[PDB]
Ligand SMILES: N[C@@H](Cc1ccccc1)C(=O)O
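Just the one chain here, the form solved without ligand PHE, laid out as structure tokens.
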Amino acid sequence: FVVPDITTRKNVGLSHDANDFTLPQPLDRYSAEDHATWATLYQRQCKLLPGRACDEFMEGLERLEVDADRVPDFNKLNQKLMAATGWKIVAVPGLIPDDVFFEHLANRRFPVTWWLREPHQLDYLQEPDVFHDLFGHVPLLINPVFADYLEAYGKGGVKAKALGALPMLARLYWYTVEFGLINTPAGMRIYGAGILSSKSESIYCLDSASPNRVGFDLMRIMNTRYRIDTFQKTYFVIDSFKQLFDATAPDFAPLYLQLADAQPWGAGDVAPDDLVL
């Protein structure tokens, strides 16, 4: 039997743009259950993340006044975000086409799935939801270096699309914005949204001897596969957000062509030139 997935179920009776896929955030659709689920997830992460999340992330939560007790009003959040870095969040139905996603980031709009996981899915949801997209991704947009990195990433979509290289950019996004670590004098910390919204990947990625922690390298990352349904086997570590922005400086086109005829590293592989931490 095939049943409708959660994205389909949540969006019944709603619409979105055929070209850019946004909709007004549907506040009427959040039930008391949703606000309680949000509050529980927020509480859970706020207990776990001190000393694990990077300090910029924690400060972003407070500066943006992300509600602890209810799903946030995107419009209210935007007032603070816009004044900080000129970015805004836009509501989308769920996963959107790549070219639309890049056009959004290139224009300083960050797409956020509007709906929330059901209470029985508190521990984990496969598809992004509003807790992962808002709590996980948005606080760092207050940081001008990180915000400029996302904008530069977005701007690179047109070239990647023209060259059949969108999956190579997707690897960069996955291993930085979703699953990145940052080294600090206080020790390793987390900036990746997929880790920051997780029940326990925050514990594994810093505490476990199992995953590889490898120094950031652009070419290596764009040649590295990832899986979506397990903890990461490798995490890439930056020294500063400036390193990410600076990595977007060169022309990616010759990098894409050289990678196009390479075999990619598996998610668990250690490459010969890896700086292993």
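One-based numbering along the sequence shown.
Comparing 23 to 31 with 45 to 53, where is the mean C-alpha B-factor higher?
Stretch with the higher mean C-alpha B-factor: 23 to 31.
Averaging the C-alpha B factors as listed in the entry, name the stretch that ends up higher: 162 to 170 or 121 to 129.
Between 162 to 170 and 121 to 129, it is 121 to 129.
Would you mind checking which of 209, 58, 222, 238 has the top Cα temperature factor in the PDB entry?
Among 209, 58, 222, 238, the PDB entry lists the largest C-alpha B-factor for 58.
Can you tell me which of 92, 190, 100, 177 has the maximum CA B-factor listed in the PDB entry?
100 has the highest C-alpha B-factor of those listed.
Sort the modelled residues of this chain by their C-alpha B factor and say whether residue 18 lands in the lowest, middle or highest third.
Within its chain, residue 18 is a highest-third residue by C-alpha B-factor, going by the deposited values.
Name the third of the chain's ranked CA B-factors that contains residue 12, choosing lowest, middle or highest.
Middle third, going by the recorded CA B-factors of the chain.
Would the CA B-factor of residue 247 place it in the lowest, middle or highest third of its chain?
Highest third of the chain for residue 247's C-alpha B-factor.
What third of its chain, lowest, middle or highest, does the C-alpha temperature factor of residue 232 fall into?
According to the entry, residue 232 has a C-alpha B-factor in the chain's middle third.
Going by the entry, which third of its chain does the Cα temperature factor of residue 38 land in?
It falls in the bottom third of the chain.
There is another form of this protein, the form solved in complex with ligand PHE, and it is not shown here; the text below is about that form.
Heavy atom within 4.5 Å of ligand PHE in the bound PDB entry: which of 71, 172, 147, 193 fits that? Just give me the one.
Looking at 71, 172, 147, 193 one by one, just 172 meets the 4.5 Å heavy-atom criterion.
Which one of 235, 241, 30, 252 is close to ligand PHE in the bound PDB entry, taking close to mean a heavy atom within 4.5 Å?
Checked against the cut-off, the match is 252.
Ligand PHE isn't shown here, but in the bound PDB entry, which of 139 to 147, 152 to 160, 75 to 83, 117 to 125 has heavy atoms within 4.5 Å of it?
In the other structure, the partner sits against 152 to 160.
Taking heavy atoms only, is residue 40 within 4.5 angstroms of ligand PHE in the bound PDB entry?
It does not: once ligand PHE is placed as it appears in the bound PDB entry, residue 40 has no heavy atom within 4.5 Å of it.
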